[PDB]
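Chemist: Let me give you the structure first, and then I'll get to my questions.
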Amino acid sequence: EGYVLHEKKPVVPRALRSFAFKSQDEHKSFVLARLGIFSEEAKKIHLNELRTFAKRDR
RNA sequence: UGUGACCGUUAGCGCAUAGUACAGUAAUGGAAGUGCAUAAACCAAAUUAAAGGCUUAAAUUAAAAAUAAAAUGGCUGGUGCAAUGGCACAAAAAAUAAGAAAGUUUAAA
Ligand SMILES: [Mg+2]
Ligand SMILES: [Mg+2]
């Protein structure tokens with residue numbers, strides 16, 4: 001019936017999570033170290049984190 | 001002062017100040033310690049999955065926007081980025097030598 005209908009996100013094994021998110025963690029450190037917390041890039045990251053936390057409540 | 005296919009907090013000086021704290025009767029020996037951010041070991045919590053019958057022929061839409069889990073809570077301080085700290089010599093300056101012994105030299109207009 002199509003990709004959109006049957007698409008699913010795989011679950012990362014607990015032991016492999018430090019490798020799946022290595023790049024994202026580095027970027028956040030890169031932004032805060034160079035641009036600071038009062039930056040447009042920093043605000044975007046925080047907004048994305050709010051979305052993740054809100055979805056934990058199910 | 002100048003330069004670097006020299007280092008970037010387990011590195012580079014022992015020291016991003018400290019020959020301090022501390023050990024020793026003494027001579028002496030001699031640390032740890034920058035700023036920011038979901039790394040690892042590590043301890044607690046999280047098992048499972050069910051559903052069986054409204055009668056169908058003239059809607060809506062300025063425009064645009066707006067429905068979906070990659071990630072538990074902690075303790076710890078690795079990695080990534082930056083330098084009011086170090087390393088090596090170079091340039092300039094400084095230091096340095098006289099034969100004689102109570103004696104004369106070396107001064108550019
Ligand atoms: Mg560090
Ligand atoms: Mg050191």
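Rule-based calculations on the coordinates, nothing more; no lab input. For neighbour counting, all protein chains shown are included, and Cβ atoms are generated from backbone atoms with ideal geometry for every residue, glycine included.
Chemist: Got a number for residues in region A:1-21 being among the charged types (D, E, K, R) and near RNA strand B (Cβ under 8 Å from one of its atoms)? It would help to see each step written out before you state the result.
Modeler: In the first step, residues of region A:1-21 are kept if they are among the charged types (D, E, K, R); the result is A:1, A:7-9, A:14, A:17.
Checking which are near RNA strand B (Cβ under 8 Å from one of its atoms) leaves us with A:7, A:9, A:14, A:17.
Selection size over region A:1-21: 4.
Chemist: Just to be sure before I move on: is residue A:51 surrounded by 10 or more Cβ atoms within 10 Å (Cβ to Cβ), part of a helix (DSSP H, G or I) and among the charged types (D, E, K, R) in the structure I sent?
Modeler: Working: surrounded by 10 or more Cβ atoms within 10 Å (Cβ to Cβ): no; part of a helix (DSSP H, G or I): yes; among the charged types (D, E, K, R): yes.
When the stated conditions are applied, residue A:51 does not pass them.
Chemist: Within the set of pairs 6+ apart or on separate chains, which have a first residue in region A:27-44 that is without any contact (Cβ under 8 Å) to a residue 40 or more places away in the chain, a second that is away from RNA strand B (no atom under 12 Å from the Cβ) and in a helix (DSSP H, G or I), and C-beta atoms under 8 Å apart?
Modeler: Matching pairs, first to second residue: A:31/A:41; A:35/A:41.
Chemist: Moving on. Checking the conditions here, which among A:42, A:33 is near RNA strand B (Cβ under 8 Å from one of its atoms) and either touching a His at 6+ places or on another chain (Cβ under 7 Å) or not in a loop (DSSP other than H, G, I, E, B) (or both)?
Modeler: A:33
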